[PDB]
Amino acid sequence: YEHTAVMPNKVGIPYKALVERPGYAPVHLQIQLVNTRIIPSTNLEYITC
Amino acid sequence: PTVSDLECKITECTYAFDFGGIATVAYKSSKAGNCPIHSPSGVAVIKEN
């Protein structure tokens with residue numbers, strides 16, 4: 001079974017969801033960010049000193 | 001055992017080709033025992049006998 005939602009982006013605040021599967025006891029899940037590392041694509045031009 | 005003071009409560013159901021409905025009954029007995037259950041109407045089929 002799968003579940004979808006939207007979560008606000010913040011490093012510390014966790015996110016608690018409660019999935020429902022009819023004919024079954026509900027289960028809750030807990031997901032928490034640790035990082036968000038944007039990485040750009042770069043190339044060198046020259047150096048100086 | 002004589003059966004009286006019945007109360008049937010529907011918990012949850014959903015129409016699908018498998019048994020997707022569950023309901024509960026409260027009851028006041030005369031004495032312990034076993035006797036069958038049945039639905040004469042055809043709107044729903046009873047999984048149990």
# chains A, B, ... in the order shown; residues from 1 in each chain; ligands from 1
>>> closest_atom_pairs(of="chain A", to="segment 8-28 of chain B", cutoff="12 Å", atoms="only C-alpha atoms", output="JSON lines")
{"residue": "A:21", "atom": "CA", "partner": "B:20", "partner_atom": "CA", "distance": 11.7}
{"residue": "A:22", "atom": "CA", "partner": "B:12", "partner_atom": "CA", "distance": 8.3}
{"residue": "A:23", "atom": "CA", "partner": "B:20", "partner_atom": "CA", "distance": 7.2}
{"residue": "A:24", "atom": "CA", "partner": "B:12", "partner_atom": "CA", "distance": 10.8}
>>> write_last_selection(atoms="N, CA, C and O atoms", output="tab-separated table (two decimals), in the first residue's frame")
chain	number	residue	atom	x	y	z
A	21	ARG	N	-5.98	1.82	5.56
A	21	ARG	CA	-6.20	0.73	4.61
A	21	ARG	C	-7.45	0.00	5.06
A	21	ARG	O	-7.40	-0.76	6.05
A	22	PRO	N	-8.59	0.21	4.40
A	22	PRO	CA	-9.86	-0.29	4.93
A	22	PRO	C	-9.82	-1.79	5.15
A	22	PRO	O	-9.22	-2.54	4.37
A	23	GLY	N	-10.45	-2.23	6.23
A	23	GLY	CA	-10.32	-3.60	6.66
A	23	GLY	C	-9.06	-3.88	7.44
A	23	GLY	O	-8.67	-5.04	7.58
A	24	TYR	N	-8.38	-2.85	7.93
A	24	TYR	CA	-7.15	-3.03	8.67
A	24	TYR	C	-7.03	-1.95	9.73
A	24	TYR	O	-7.68	-0.90	9.64
>>> select_by_dssp(residues="chain B", states="strand (DSSP E or B)", output="list in words")
residues 3, 4, 5, 6, 7, 8, 9, 10, 11, 12, 13, 21, 22, 23, 24, 25, 26, 27, 28 and 29 of chain B
>>> atom_distance(atom1="atom CA of residue 25 of chain A", atom2="atom CA of residue 46 of chain B")
22.4 Å
>>> residues_around(residues="residue 1 of chain B", least_positions_apart="4", cutoff="8 Å", atoms="only C-alpha atoms", output="ChimeraX atom specification")
/B:29-33
>>> atom_distance(atom1="atom CA of residue 26 of chain A", atom2="atom CA of residue 3 of chain A")
12.3 Å
>>> atom_distance(atom1="atom CA of residue 10 of chain A", atom2="atom CA of residue 42 of chain A")
26.7 Å
>>> decode(residues="chain B", atoms="C-alpha atoms", output="short mmCIF file (atom, residue, chain, number, x, y, z; two decimals), in the first residue's frame")
data_model
loop_
_atom_site.label_atom_id
_atom_site.label_comp_id
_atom_site.auth_asym_id
_atom_site.auth_seq_id
_atom_site.Cartn_x
_atom_site.Cartn_y
_atom_site.Cartn_z
CA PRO B 1 -31.83 -20.04 23.53
CA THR B 2 -34.45 -17.36 23.06
CA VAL B 3 -33.07 -14.24 21.38
CA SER B 4 -34.31 -10.79 22.34
CA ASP B 5 -33.08 -7.23 22.82
CA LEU B 6 -31.06 -7.02 19.62
CA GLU B 7 -29.07 -4.11 18.26
CA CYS B 8 -27.10 -4.18 15.02
CA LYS B 9 -24.48 -1.52 14.31
CA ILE B 10 -22.62 -1.13 11.03
CA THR B 11 -18.93 -0.41 11.54
CA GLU B 12 -17.51 -0.05 8.04
CA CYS B 13 -18.17 -1.38 4.56
CA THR B 14 -17.31 -0.81 0.92
CA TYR B 15 -18.75 -2.50 -2.14
CA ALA B 16 -16.22 -4.76 -3.84
CA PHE B 17 -16.12 -8.29 -5.19
CA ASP B 18 -14.64 -9.51 -1.92
CA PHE B 19 -16.13 -9.30 1.56
CA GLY B 20 -15.70 -5.62 2.32
CA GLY B 21 -18.28 -5.04 5.04
CA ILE B 22 -18.15 -5.49 8.81
CA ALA B 23 -20.88 -4.80 11.37
CA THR B 24 -21.47 -5.52 15.04
CA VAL B 25 -24.49 -6.62 17.06
CA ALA B 26 -25.32 -6.21 20.74
CA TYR B 27 -27.66 -8.72 22.28
CA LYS B 28 -29.33 -9.94 25.48
CA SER B 29 -29.42 -13.71 25.77
CA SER B 30 -31.56 -16.30 27.50
CA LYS B 31 -28.82 -18.94 27.73
CA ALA B 32 -25.57 -19.85 26.03
CA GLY B 33 -25.68 -21.77 22.77
CA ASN B 34 -25.22 -21.65 19.01
CA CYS B 35 -27.77 -20.91 16.30
CA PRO B 36 -27.41 -19.82 12.68
CA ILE B 37 -27.72 -16.45 10.99
CA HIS B 38 -29.06 -15.67 7.55
CA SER B 39 -30.22 -12.86 5.30
CA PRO B 40 -33.45 -13.76 3.48
CA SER B 41 -33.17 -10.62 1.38
CA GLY B 42 -30.76 -10.57 -1.53
CA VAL B 43 -29.37 -7.05 -1.23
CA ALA B 44 -26.38 -8.36 0.70
CA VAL B 45 -24.83 -11.78 1.22
CA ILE B 46 -23.66 -12.95 4.64
CA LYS B 47 -20.15 -14.36 4.73
CA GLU B 48 -20.84 -16.16 7.99
CA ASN B 49 -23.33 -19.01 8.41
#
